[PDB]
$ cat final-v7.cif   # mmCIF, N, CA and C atoms
data_target
loop_
_atom_site.label_atom_id
_atom_site.label_comp_id
_atom_site.auth_asym_id
_atom_site.auth_seq_id
_atom_site.Cartn_x
_atom_site.Cartn_y
_atom_site.Cartn_z
N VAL Y 1 -17.40 -19.65 22.76
CA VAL Y 1 -18.15 -20.83 22.34
C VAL Y 1 -17.38 -21.60 21.29
N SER Y 2 -16.44 -20.93 20.64
CA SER Y 2 -15.61 -21.54 19.60
C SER Y 2 -14.35 -20.70 19.44
N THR Y 3 -13.53 -21.08 18.46
CA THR Y 3 -12.30 -20.35 18.17
C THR Y 3 -12.64 -19.16 17.27
N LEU Y 4 -12.50 -17.95 17.81
CA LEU Y 4 -12.73 -16.75 17.02
C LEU Y 4 -11.68 -16.63 15.93
N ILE Y 5 -12.03 -15.93 14.85
CA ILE Y 5 -11.15 -15.89 13.70
C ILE Y 5 -10.98 -14.46 13.16
N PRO Y 6 -10.41 -13.52 13.92
CA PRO Y 6 -9.90 -12.29 13.30
C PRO Y 6 -8.39 -12.27 13.11
N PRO Y 7 -7.74 -13.30 12.49
CA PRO Y 7 -6.34 -13.09 12.09
C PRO Y 7 -6.15 -12.81 10.61
N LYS Y 8 -7.21 -12.97 9.82
CA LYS Y 8 -7.07 -13.12 8.38
C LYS Y 8 -8.12 -12.34 7.61
N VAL Y 9 -8.53 -11.18 8.12
CA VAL Y 9 -9.70 -10.49 7.60
C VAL Y 9 -9.23 -9.15 7.04
N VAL Y 10 -7.98 -9.10 6.58
CA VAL Y 10 -7.45 -7.87 6.00
C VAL Y 10 -7.72 -7.75 4.50
N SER Y 11 -8.23 -8.80 3.86
CA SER Y 11 -8.51 -8.71 2.43
C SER Y 11 -9.54 -7.63 2.12
N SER Y 12 -10.47 -7.39 3.05
CA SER Y 12 -11.44 -6.31 2.94
C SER Y 12 -11.20 -5.21 3.96
N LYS Y 13 -10.16 -5.32 4.78
CA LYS Y 13 -9.85 -4.32 5.79
C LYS Y 13 -8.84 -3.29 5.31
N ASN Y 14 -8.10 -3.58 4.24
CA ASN Y 14 -7.06 -2.70 3.73
C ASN Y 14 -7.60 -1.60 2.83
N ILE Y 15 -8.88 -1.25 2.96
CA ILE Y 15 -9.48 -0.20 2.16
C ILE Y 15 -9.83 1.04 2.97
N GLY Y 16 -10.22 0.89 4.24
CA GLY Y 16 -10.70 2.01 5.02
C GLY Y 16 -9.65 2.74 5.83
N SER Y 17 -8.47 2.14 5.99
CA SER Y 17 -7.43 2.76 6.80
C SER Y 17 -6.84 3.98 6.10
N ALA Y 18 -6.43 4.96 6.90
CA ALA Y 18 -5.87 6.20 6.35
C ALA Y 18 -4.61 5.98 5.52
N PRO Y 19 -3.63 5.17 5.94
CA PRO Y 19 -2.43 4.99 5.10
C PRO Y 19 -2.74 4.44 3.72
N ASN Y 20 -3.80 3.65 3.57
CA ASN Y 20 -4.17 3.14 2.25
C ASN Y 20 -4.56 4.27 1.31
N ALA Y 21 -5.21 5.32 1.84
CA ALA Y 21 -5.52 6.48 1.03
C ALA Y 21 -4.25 7.15 0.52
N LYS Y 22 -3.24 7.28 1.39
CA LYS Y 22 -1.94 7.76 0.93
C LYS Y 22 -1.23 6.73 0.07
N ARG Y 23 -1.45 5.44 0.34
CA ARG Y 23 -0.82 4.39 -0.45
C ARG Y 23 -1.24 4.47 -1.91
N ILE Y 24 -2.54 4.56 -2.17
CA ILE Y 24 -3.03 4.64 -3.54
C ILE Y 24 -2.68 5.98 -4.17
N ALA Y 25 -2.26 6.96 -3.38
CA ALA Y 25 -1.92 8.28 -3.91
C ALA Y 25 -0.51 8.31 -4.47
N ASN Y 26 0.49 8.01 -3.63
CA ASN Y 26 1.88 8.20 -4.03
C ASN Y 26 2.37 7.15 -5.02
N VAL Y 27 1.78 5.95 -5.04
CA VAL Y 27 2.20 4.96 -6.03
C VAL Y 27 1.88 5.44 -7.44
N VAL Y 28 0.75 6.14 -7.60
CA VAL Y 28 0.46 6.78 -8.88
C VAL Y 28 1.41 7.95 -9.11
N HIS Y 29 1.89 8.58 -8.04
CA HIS Y 29 2.83 9.69 -8.15
C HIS Y 29 4.24 9.25 -8.53
N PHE Y 30 4.51 7.95 -8.61
CA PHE Y 30 5.87 7.46 -8.76
C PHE Y 30 6.18 6.84 -10.11
N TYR Y 31 5.24 6.11 -10.71
CA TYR Y 31 5.60 5.25 -11.84
C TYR Y 31 6.06 6.05 -13.05
N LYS Y 32 5.37 7.15 -13.37
CA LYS Y 32 5.65 7.89 -14.59
C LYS Y 32 6.72 8.96 -14.39
N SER Y 33 7.07 9.28 -13.15
CA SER Y 33 8.08 10.29 -12.88
C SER Y 33 9.40 9.94 -13.56
N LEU Y 34 9.99 10.93 -14.22
CA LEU Y 34 11.20 10.71 -15.01
C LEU Y 34 12.36 10.29 -14.11
N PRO Y 35 13.16 9.31 -14.53
CA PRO Y 35 14.14 8.70 -13.61
C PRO Y 35 15.30 9.59 -13.18
N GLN Y 36 16.09 10.08 -14.13
CA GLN Y 36 17.39 10.68 -13.81
C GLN Y 36 17.59 11.99 -14.57
N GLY Y 37 16.57 12.85 -14.56
CA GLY Y 37 16.64 14.11 -15.27
C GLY Y 37 16.39 13.95 -16.75
N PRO Y 38 15.78 12.83 -17.13
CA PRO Y 38 15.49 12.60 -18.55
C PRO Y 38 14.45 13.58 -19.07
N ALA Y 39 14.52 13.82 -20.39
CA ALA Y 39 13.62 14.71 -21.11
C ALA Y 39 13.64 16.11 -20.51
N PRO Y 40 14.82 16.72 -20.36
CA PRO Y 40 14.87 18.09 -19.82
C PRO Y 40 14.76 19.14 -20.91
N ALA Y 41 14.99 18.74 -22.16
CA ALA Y 41 14.94 19.63 -23.32
C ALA Y 41 15.89 20.82 -23.14
N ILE Y 42 17.18 20.50 -23.03
CA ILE Y 42 18.19 21.54 -22.81
C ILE Y 42 18.56 22.25 -24.10
N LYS Y 43 18.21 21.70 -25.26
CA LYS Y 43 18.54 22.30 -26.55
C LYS Y 43 17.36 23.16 -27.00
N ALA Y 44 17.40 24.43 -26.61
CA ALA Y 44 16.36 25.37 -26.98
C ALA Y 44 16.69 26.02 -28.32
N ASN Y 45 15.78 25.89 -29.28
CA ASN Y 45 15.96 26.44 -30.62
C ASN Y 45 14.67 27.15 -31.03
N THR Y 46 14.61 28.46 -30.77
CA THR Y 46 13.43 29.26 -31.12
C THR Y 46 13.90 30.68 -31.39
N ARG Y 47 13.83 31.09 -32.66
CA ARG Y 47 14.27 32.42 -33.08
C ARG Y 47 15.68 32.72 -32.59
N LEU Y 48 15.79 33.55 -31.55
CA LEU Y 48 17.09 33.88 -30.96
C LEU Y 48 17.48 32.79 -29.96
N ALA Y 49 17.84 31.63 -30.52
CA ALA Y 49 18.25 30.50 -29.69
C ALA Y 49 19.56 30.78 -28.97
N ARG Y 50 20.46 31.55 -29.59
CA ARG Y 50 21.73 31.88 -28.95
C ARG Y 50 21.51 32.66 -27.66
N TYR Y 51 20.58 33.63 -27.68
CA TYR Y 51 20.26 34.37 -26.47
C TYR Y 51 19.69 33.44 -25.40
N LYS Y 52 18.92 32.44 -25.81
CA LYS Y 52 18.33 31.50 -24.86
C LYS Y 52 19.37 30.66 -24.14
N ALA Y 53 20.60 30.61 -24.65
CA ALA Y 53 21.64 29.77 -24.07
C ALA Y 53 22.71 30.55 -23.32
N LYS Y 54 22.75 31.88 -23.43
CA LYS Y 54 23.77 32.68 -22.77
C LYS Y 54 23.23 33.46 -21.57
N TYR Y 55 22.12 34.17 -21.73
CA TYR Y 55 21.59 34.97 -20.64
C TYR Y 55 20.12 34.66 -20.37
N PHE Y 56 19.36 34.39 -21.44
CA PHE Y 56 17.94 34.09 -21.29
C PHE Y 56 17.68 32.75 -20.61
N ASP Y 57 18.70 31.89 -20.51
CA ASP Y 57 18.53 30.63 -19.78
C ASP Y 57 18.26 30.89 -18.31
N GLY Y 58 18.96 31.86 -17.72
CA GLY Y 58 18.82 32.19 -16.31
C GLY Y 58 20.01 31.81 -15.46
N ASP Y 59 21.03 31.18 -16.04
CA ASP Y 59 22.23 30.85 -15.27
C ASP Y 59 22.93 32.11 -14.78
N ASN Y 60 23.04 33.12 -15.65
CA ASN Y 60 23.61 34.40 -15.24
C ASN Y 60 22.56 35.27 -14.55
N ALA Y 61 21.50 35.62 -15.28
CA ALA Y 61 20.39 36.41 -14.76
C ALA Y 61 20.88 37.70 -14.10
N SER Y 62 21.62 38.49 -14.88
CA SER Y 62 22.21 39.73 -14.39
C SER Y 62 21.81 40.90 -15.28
N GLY Y 63 22.46 42.04 -15.09
CA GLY Y 63 22.15 43.25 -15.82
C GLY Y 63 22.73 43.35 -17.22
N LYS Y 64 23.27 42.26 -17.75
CA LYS Y 64 23.78 42.29 -19.12
C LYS Y 64 22.70 42.57 -20.16
N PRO Y 65 21.53 41.91 -20.14
CA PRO Y 65 20.51 42.23 -21.17
C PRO Y 65 20.06 43.68 -21.16
N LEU Y 66 19.91 44.29 -19.98
CA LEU Y 66 19.60 45.71 -19.95
C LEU Y 66 20.79 46.55 -20.39
N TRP Y 67 22.01 46.06 -20.13
CA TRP Y 67 23.19 46.69 -20.71
C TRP Y 67 23.18 46.60 -22.23
N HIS Y 68 22.77 45.45 -22.77
CA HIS Y 68 22.59 45.33 -24.21
C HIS Y 68 21.49 46.26 -24.70
N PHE Y 69 20.40 46.38 -23.94
CA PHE Y 69 19.33 47.30 -24.30
C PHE Y 69 19.83 48.74 -24.30
N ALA Y 70 20.63 49.11 -23.30
CA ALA Y 70 21.17 50.47 -23.23
C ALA Y 70 22.12 50.74 -24.39
N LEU Y 71 22.96 49.77 -24.74
CA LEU Y 71 23.89 49.96 -25.85
C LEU Y 71 23.16 50.10 -27.17
N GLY Y 72 22.02 49.43 -27.32
CA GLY Y 72 21.22 49.61 -28.52
C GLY Y 72 20.73 51.03 -28.69
N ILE Y 73 20.38 51.68 -27.58
CA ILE Y 73 19.99 53.09 -27.63
C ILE Y 73 21.18 53.96 -27.99
N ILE Y 74 22.36 53.62 -27.47
CA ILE Y 74 23.57 54.37 -27.79
C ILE Y 74 23.89 54.27 -29.28
N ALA Y 75 23.78 53.06 -29.85
CA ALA Y 75 24.04 52.88 -31.27
C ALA Y 75 23.00 53.57 -32.14
N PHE Y 76 21.85 53.95 -31.58
CA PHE Y 76 20.80 54.65 -32.31
C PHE Y 76 20.85 56.15 -32.06
N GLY Y 77 22.05 56.70 -31.88
CA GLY Y 77 22.16 58.12 -31.58
C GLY Y 77 21.67 59.00 -32.72
N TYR Y 78 22.13 58.73 -33.94
CA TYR Y 78 21.75 59.52 -35.10
C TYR Y 78 20.52 58.98 -35.81
N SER Y 79 19.64 58.30 -35.08
CA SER Y 79 18.40 57.78 -35.64
C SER Y 79 17.16 58.24 -34.88
N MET Y 80 17.25 58.48 -33.58
CA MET Y 80 16.10 58.90 -32.78
C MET Y 80 16.26 60.29 -32.19
N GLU Y 81 17.35 60.55 -31.46
CA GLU Y 81 17.55 61.86 -30.86
C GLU Y 81 18.29 62.82 -31.78
N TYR Y 82 19.10 62.31 -32.70
CA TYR Y 82 19.68 63.12 -33.76
C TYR Y 82 18.98 62.79 -35.07
N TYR Y 83 18.83 63.81 -35.92
CA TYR Y 83 18.05 63.80 -37.15
C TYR Y 83 16.56 63.67 -36.88
N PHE Y 84 16.14 63.63 -35.61
CA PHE Y 84 14.74 63.48 -35.23
C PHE Y 84 14.61 63.90 -33.77
N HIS Y 85 13.37 64.09 -33.34
CA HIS Y 85 13.10 64.47 -31.95
C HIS Y 85 13.39 63.31 -31.01
N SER B 60 -13.79 -58.88 50.40
CA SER B 60 -13.58 -59.85 51.47
C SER B 60 -13.46 -59.21 52.84
N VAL B 61 -13.28 -57.89 52.92
CA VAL B 61 -13.28 -57.23 54.23
C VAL B 61 -14.66 -57.30 54.86
N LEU B 62 -15.71 -57.42 54.05
CA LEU B 62 -17.08 -57.50 54.53
C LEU B 62 -17.50 -58.97 54.58
N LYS B 63 -17.71 -59.49 55.79
CA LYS B 63 -18.22 -60.85 55.98
C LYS B 63 -19.73 -60.94 55.83
N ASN B 64 -20.40 -59.80 55.63
CA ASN B 64 -21.84 -59.75 55.45
C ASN B 64 -22.13 -59.16 54.07
N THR B 65 -21.48 -59.71 53.05
CA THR B 65 -21.36 -59.06 51.74
C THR B 65 -22.70 -58.68 51.15
N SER B 66 -23.46 -59.66 50.65
CA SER B 66 -24.89 -59.56 50.39
C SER B 66 -25.28 -58.50 49.36
N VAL B 67 -24.37 -57.59 49.01
CA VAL B 67 -24.69 -56.55 48.03
C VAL B 67 -23.54 -56.31 47.05
N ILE B 68 -22.33 -56.74 47.41
CA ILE B 68 -21.17 -56.38 46.60
C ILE B 68 -21.22 -57.07 45.25
N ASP B 69 -21.61 -58.35 45.23
CA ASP B 69 -21.77 -59.05 43.96
C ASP B 69 -22.82 -58.37 43.09
N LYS B 70 -23.92 -57.92 43.70
CA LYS B 70 -24.88 -57.10 42.98
C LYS B 70 -24.24 -55.79 42.53
N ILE B 71 -23.47 -55.15 43.42
CA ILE B 71 -22.80 -53.91 43.06
C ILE B 71 -21.71 -54.16 42.03
N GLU B 72 -20.93 -55.24 42.21
CA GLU B 72 -19.92 -55.59 41.22
C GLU B 72 -20.56 -55.87 39.86
N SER B 73 -21.67 -56.62 39.86
CA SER B 73 -22.41 -56.82 38.62
C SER B 73 -22.98 -55.50 38.11
N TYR B 74 -23.43 -54.63 39.01
CA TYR B 74 -23.95 -53.34 38.60
C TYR B 74 -22.88 -52.50 37.91
N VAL B 75 -21.63 -52.60 38.37
CA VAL B 75 -20.53 -51.96 37.66
C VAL B 75 -20.32 -52.62 36.30
N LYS B 76 -20.40 -53.95 36.25
CA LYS B 76 -20.13 -54.67 35.01
C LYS B 76 -21.24 -54.49 33.98
N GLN B 77 -22.50 -54.42 34.41
CA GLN B 77 -23.58 -54.22 33.45
C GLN B 77 -23.50 -52.83 32.83
N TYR B 78 -23.00 -51.85 33.58
CA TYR B 78 -22.76 -50.51 33.06
C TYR B 78 -21.29 -50.27 32.73
N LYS B 79 -20.49 -51.33 32.63
CA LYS B 79 -19.11 -51.18 32.19
C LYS B 79 -19.00 -50.46 30.85
N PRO B 80 -19.83 -50.74 29.83
CA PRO B 80 -19.90 -49.81 28.68
C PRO B 80 -20.78 -48.61 29.02
N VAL B 81 -20.16 -47.62 29.67
CA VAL B 81 -20.91 -46.48 30.21
C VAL B 81 -21.59 -45.70 29.08
N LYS B 82 -20.79 -45.13 28.18
CA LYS B 82 -21.31 -44.33 27.08
C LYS B 82 -20.17 -44.03 26.12
N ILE B 83 -20.48 -44.03 24.83
CA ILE B 83 -19.48 -43.82 23.79
C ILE B 83 -19.11 -42.35 23.71
N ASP B 84 -18.01 -42.05 23.02
CA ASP B 84 -17.64 -40.67 22.75
C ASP B 84 -18.61 -40.06 21.74
N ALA B 85 -18.59 -38.74 21.66
CA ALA B 85 -19.45 -37.99 20.75
C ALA B 85 -18.57 -37.24 19.76
N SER B 86 -18.19 -37.91 18.68
CA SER B 86 -17.48 -37.27 17.57
C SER B 86 -18.46 -36.82 16.49
N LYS B 87 -19.49 -36.09 16.91
CA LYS B 87 -20.56 -35.69 16.00
C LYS B 87 -20.09 -34.62 15.02
N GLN B 88 -19.18 -33.75 15.45
CA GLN B 88 -18.73 -32.65 14.60
C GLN B 88 -17.86 -33.20 13.47
N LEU B 89 -18.48 -33.37 12.30
CA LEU B 89 -17.74 -33.74 11.09
C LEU B 89 -18.22 -32.95 9.88
N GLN B 90 -19.17 -32.03 10.06
CA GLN B 90 -19.67 -31.18 8.99
C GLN B 90 -19.61 -29.70 9.32
N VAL B 91 -19.77 -29.33 10.58
CA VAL B 91 -19.72 -27.93 10.97
C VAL B 91 -18.32 -27.50 11.42
N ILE B 92 -17.54 -28.42 11.99
CA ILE B 92 -16.20 -28.08 12.45
C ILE B 92 -15.32 -27.67 11.27
N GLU B 93 -15.40 -28.41 10.16
CA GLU B 93 -14.64 -28.03 8.98
C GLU B 93 -15.25 -26.82 8.29
N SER B 94 -16.54 -26.55 8.52
CA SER B 94 -17.15 -25.34 7.98
C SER B 94 -16.53 -24.09 8.60
N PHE B 95 -16.14 -24.16 9.87
CA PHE B 95 -15.30 -23.11 10.43
C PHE B 95 -13.96 -23.06 9.72
N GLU B 96 -13.40 -24.23 9.41
CA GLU B 96 -12.13 -24.28 8.69
C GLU B 96 -12.28 -23.82 7.25
N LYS B 97 -13.40 -24.14 6.58
CA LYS B 97 -13.55 -23.72 5.19
C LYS B 97 -13.59 -22.20 5.07
N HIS B 98 -14.15 -21.52 6.06
CA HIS B 98 -14.00 -20.07 6.14
C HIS B 98 -12.56 -19.71 6.47
N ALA B 99 -11.87 -20.57 7.23
CA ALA B 99 -10.48 -20.32 7.59
C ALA B 99 -9.56 -20.41 6.38
N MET B 100 -9.75 -21.42 5.52
CA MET B 100 -9.00 -21.45 4.27
C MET B 100 -9.34 -20.27 3.37
N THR B 101 -10.61 -19.87 3.33
CA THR B 101 -11.03 -18.82 2.41
C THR B 101 -10.38 -17.49 2.77
N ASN B 102 -10.49 -17.08 4.03
CA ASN B 102 -9.99 -15.77 4.43
C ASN B 102 -8.47 -15.72 4.56
N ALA B 103 -7.85 -16.80 5.04
CA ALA B 103 -6.39 -16.79 5.21
C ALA B 103 -5.69 -16.70 3.86
N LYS B 104 -6.15 -17.48 2.88
CA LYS B 104 -5.55 -17.41 1.55
C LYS B 104 -5.90 -16.11 0.84
N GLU B 105 -7.07 -15.54 1.13
CA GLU B 105 -7.37 -14.19 0.65
C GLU B 105 -6.38 -13.19 1.23
N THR B 106 -6.09 -13.31 2.53
CA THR B 106 -5.10 -12.44 3.15
C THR B 106 -3.70 -12.73 2.62
N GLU B 107 -3.33 -14.01 2.56
CA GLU B 107 -1.97 -14.36 2.15
C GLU B 107 -1.70 -13.98 0.70
N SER B 108 -2.68 -14.17 -0.18
CA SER B 108 -2.51 -13.77 -1.57
C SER B 108 -2.32 -12.26 -1.68
N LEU B 109 -3.08 -11.49 -0.89
CA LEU B 109 -2.96 -10.04 -0.94
C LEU B 109 -1.62 -9.57 -0.38
N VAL B 110 -1.23 -10.07 0.80
CA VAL B 110 0.00 -9.59 1.42
C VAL B 110 1.22 -10.02 0.62
N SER B 111 1.17 -11.22 0.02
CA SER B 111 2.27 -11.65 -0.83
C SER B 111 2.39 -10.76 -2.06
N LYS B 112 1.26 -10.40 -2.66
CA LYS B 112 1.28 -9.49 -3.80
C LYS B 112 1.73 -8.10 -3.38
N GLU B 113 1.21 -7.60 -2.26
CA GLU B 113 1.48 -6.22 -1.87
C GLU B 113 2.91 -6.02 -1.39
N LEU B 114 3.51 -7.03 -0.75
CA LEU B 114 4.88 -6.87 -0.26
C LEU B 114 5.85 -6.64 -1.41
N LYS B 115 5.67 -7.37 -2.51
CA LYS B 115 6.49 -7.12 -3.70
C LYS B 115 6.04 -5.88 -4.45
N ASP B 116 4.73 -5.64 -4.52
CA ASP B 116 4.22 -4.45 -5.20
C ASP B 116 4.69 -3.18 -4.50
#

$ encode --input "final-v7.cif" --output "structure tokens"
Amino acid sequence: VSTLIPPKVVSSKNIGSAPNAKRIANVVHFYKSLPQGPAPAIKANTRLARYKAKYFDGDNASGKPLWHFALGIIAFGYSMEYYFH
Amino acid sequence: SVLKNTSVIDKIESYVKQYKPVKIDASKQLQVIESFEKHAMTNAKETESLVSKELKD
């Protein structure tokens, strides 16, 4: 009876579609995300900070700390098993 | 002039001439036709403003 007009009705149509739900999701997931590894806090300073940078960081993550623990028992020979039970 | 017993053609010719102004055109649509357009400006610019904003956003 006349010229129908569904070419321009997306101003209220862009709310119910599924991609819009993902659209409003990931845009919030993007703006505050740190750009290039910023704010990594690589300078750890808490009590034994030196340990935090050699083995406690996790780059090595090997049996050295338990080796250090074992050597501590060895150095305590005349303190726990000798001169005492 | 092909009819030598004319007797009606002048009446018929006059009948054509009296109704020579048969009937005028009807350009009545001057308030509702643009009302379709006024919705057309409203929704298209609503769409265009959104898509222009969203393409850059």

$ resolve_selection --input "final-v7.cif" --expression "the PyMOL selection byres ((chain B) within 5 of (chain Y))" --output "PDB file with N, CA and C atoms, in the frame of the given file"
ATOM      1  N   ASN B 102     -10.490 -17.080   4.030  1.00  0.00           N
ATOM      2  CA  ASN B 102      -9.990 -15.770   4.430  1.00  0.00           C
ATOM      3  C   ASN B 102      -8.470 -15.720   4.560  1.00  0.00           C
ATOM      4  N   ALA B 103      -7.850 -16.800   5.040  1.00  0.00           N
ATOM      5  CA  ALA B 103      -6.390 -16.790   5.210  1.00  0.00           C
ATOM      6  C   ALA B 103      -5.690 -16.700   3.860  1.00  0.00           C
ATOM      7  N   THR B 106      -6.090 -13.310   2.530  1.00  0.00           N
ATOM      8  CA  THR B 106      -5.100 -12.440   3.150  1.00  0.00           C
ATOM      9  C   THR B 106      -3.700 -12.730   2.620  1.00  0.00           C
TER      10      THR B 106
END

$ atom_distance --input "final-v7.cif" --atom1 "atom CA of residue 45 of chain Y" --atom2 "atom C of residue 57 of chain Y"
13.3 Å

$ atom_distance --input "final-v7.cif" --atom1 "atom CA of residue 88 of chain B" --atom2 "atom CA of residue 1 of chain Y"
14.1 Å

$ atom_distance --input "final-v7.cif" --atom1 "atom C of residue 70 of chain B" --atom2 "atom N of residue 84 of chain B"
24.7 Å

$ axis_aligned_box --input "final-v7.cif" --around "segment 58-65 of chain Y" --padding-each-side "3 Å" --output "lines of an AutoDock Vina configuration file"
center_x = 21.3
center_y = 37.3
center_z = -17.6
size_x = 11.0
size_y = 18.8
size_z = 13.1

$ select_by_dssp --input "final-v7.cif" --residues "chain Y" --states "helix (DSSP H, G or I)" --output "ChimeraX atom specification"
/Y:18-26,49-54,64-75,77-81

$ decode --input "final-v7.cif" --residues "segment 11-83 of chain Y" --atoms "C-alpha atoms" --output "tab-separated table (two decimals), in the first residue's frame"
chain	number	residue	atom	x	y	z
Y	11	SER	CA	18.82	2.15	16.66
Y	12	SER	CA	16.63	-0.07	18.87
Y	13	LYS	CA	17.56	-3.38	17.19
Y	14	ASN	CA	21.21	-3.46	18.33
Y	15	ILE	CA	20.23	-4.51	21.87
Y	16	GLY	CA	18.69	-7.99	21.54
Y	17	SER	CA	21.20	-9.67	19.23
Y	18	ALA	CA	23.64	-12.16	20.73
Y	19	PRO	CA	26.87	-10.47	19.48
Y	20	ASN	CA	25.84	-7.27	21.29
Y	21	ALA	CA	25.91	-9.21	24.56
Y	22	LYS	CA	29.50	-10.20	23.76
Y	23	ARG	CA	30.12	-6.68	22.44
Y	24	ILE	CA	29.30	-5.02	25.77
Y	25	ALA	CA	31.35	-7.72	27.52
Y	26	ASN	CA	34.80	-7.60	25.90
Y	27	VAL	CA	34.95	-3.81	25.45
Y	28	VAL	CA	34.87	-3.56	29.24
Y	29	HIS	CA	37.49	-6.34	29.25
Y	30	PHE	CA	39.87	-4.21	27.15
Y	31	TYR	CA	40.14	-0.59	28.30
Y	32	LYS	CA	41.83	-1.07	31.68
Y	33	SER	CA	44.04	-4.03	30.69
Y	34	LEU	CA	47.70	-3.11	31.08
Y	35	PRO	CA	49.34	-2.35	27.71
Y	36	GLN	CA	52.84	-3.83	27.51
Y	37	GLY	CA	53.56	-5.70	30.72
Y	38	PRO	CA	53.29	-2.53	32.78
Y	39	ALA	CA	53.06	-2.68	36.58
Y	40	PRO	CA	54.60	-6.16	36.93
Y	41	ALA	CA	56.30	-5.31	40.25
Y	42	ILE	CA	59.52	-7.16	39.49
Y	43	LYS	CA	61.36	-5.53	42.44
Y	44	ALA	CA	60.34	-7.73	45.36
Y	45	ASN	CA	61.54	-6.40	48.73
Y	46	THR	CA	60.17	-8.35	51.71
Y	47	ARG	CA	62.43	-9.71	54.47
Y	48	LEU	CA	64.59	-12.17	52.50
Y	49	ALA	CA	64.32	-10.23	49.26
Y	50	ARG	CA	67.54	-11.80	47.95
Y	51	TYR	CA	65.98	-15.27	48.15
Y	52	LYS	CA	62.94	-13.92	46.29
Y	53	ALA	CA	65.19	-13.02	43.34
Y	54	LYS	CA	67.39	-16.14	43.04
Y	55	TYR	CA	65.27	-19.25	43.70
Y	56	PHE	CA	61.99	-18.13	45.28
Y	57	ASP	CA	61.10	-16.26	42.07
Y	58	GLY	CA	60.54	-19.58	40.29
Y	59	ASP	CA	62.89	-19.16	37.33
Y	60	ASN	CA	65.04	-22.02	38.62
Y	61	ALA	CA	62.48	-23.91	40.76
Y	62	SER	CA	64.84	-26.79	41.50
Y	63	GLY	CA	66.20	-28.76	44.46
Y	64	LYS	CA	68.59	-26.03	45.60
Y	65	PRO	CA	66.35	-24.74	48.46
Y	66	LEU	CA	66.00	-28.25	49.87
Y	67	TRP	CA	69.75	-28.61	49.37
Y	68	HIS	CA	70.10	-25.42	51.42
Y	69	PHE	CA	67.71	-26.92	53.98
Y	70	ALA	CA	69.79	-30.11	54.11
Y	71	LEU	CA	73.04	-28.15	54.53
Y	72	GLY	CA	71.48	-26.26	57.43
Y	73	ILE	CA	70.96	-29.58	59.21
Y	74	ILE	CA	74.57	-30.53	58.46
Y	75	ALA	CA	75.83	-27.25	59.94
Y	76	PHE	CA	73.75	-28.03	63.07
Y	77	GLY	CA	75.61	-31.26	63.82
Y	78	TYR	CA	76.84	-30.27	67.29
Y	79	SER	CA	73.56	-28.54	68.20
Y	80	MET	CA	70.78	-31.12	67.75
Y	81	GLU	CA	72.16	-34.66	67.34
Y	82	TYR	CA	75.43	-33.94	69.17
Y	83	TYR	CA	75.33	-32.45	72.69
